[PDB]
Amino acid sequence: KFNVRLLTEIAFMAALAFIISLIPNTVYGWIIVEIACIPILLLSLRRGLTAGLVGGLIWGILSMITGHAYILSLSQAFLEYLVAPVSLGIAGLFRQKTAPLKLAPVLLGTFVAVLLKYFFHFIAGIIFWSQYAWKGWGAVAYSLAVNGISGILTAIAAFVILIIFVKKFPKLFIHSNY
């Protein structure tokens, strides 16, 4: 967990997440597949909770200071661009330090982290985005559909990519000095 290498990986994955976040990802309206979560999920899985949290923090800051965040208020910004991307760090609780690498924990951490992130967007949807609720939908129903569907699709893409990495590059997930 040597500091320079550790800090470098953190910076690298936050930057990567930011850069991937520049790829168009809209399916319909605010229904998206947030492939940009993946670098942070990988960072968390490999390096653990704290690193993941910090990587998420950095990515969220980047989103906002480069003008790519959609901000409606300070509270909403804090929730959706600090709390939400930080919360991806929870994948770090499912880190595996010892080989052989198992698939299940990678999927569990991913599922839990994407769920938690989209849980905060869901809340945010109720509070701040209800004006956009499709005709005839109430605020909770709209937010669940929107953020529920985005969360699932996002978990799908994370699953696909991370499953390829587990089969191809299992070592991405296991940190070692040496």
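One rule holds for the numbers: they count along the sequence shown, beginning at 1.
Novice: Could you check which stretch, 68-76 or 99-107, carries the larger mean CA temperature factor in the entry?
Specialist: It is 68-76.
Novice: Please compare 131-139 with 57-65 and name the stretch with the higher mean C-alpha B-factor in the deposited structure.
Specialist: So the stretch with the higher mean C-alpha B-factor is 131-139.
Novice: So if I compare the CA B-factors in the entry for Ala158, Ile164, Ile23, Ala17, which one is the largest?
Specialist: The record points to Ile23.
Novice: Using the B-factor values recorded in the entry, state whether the Cα atom of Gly29 falls in the lowest, middle or highest third among the modelled residues of its chain.
Specialist: Its C-alpha B-factor belongs to the highest third of this chain's values.
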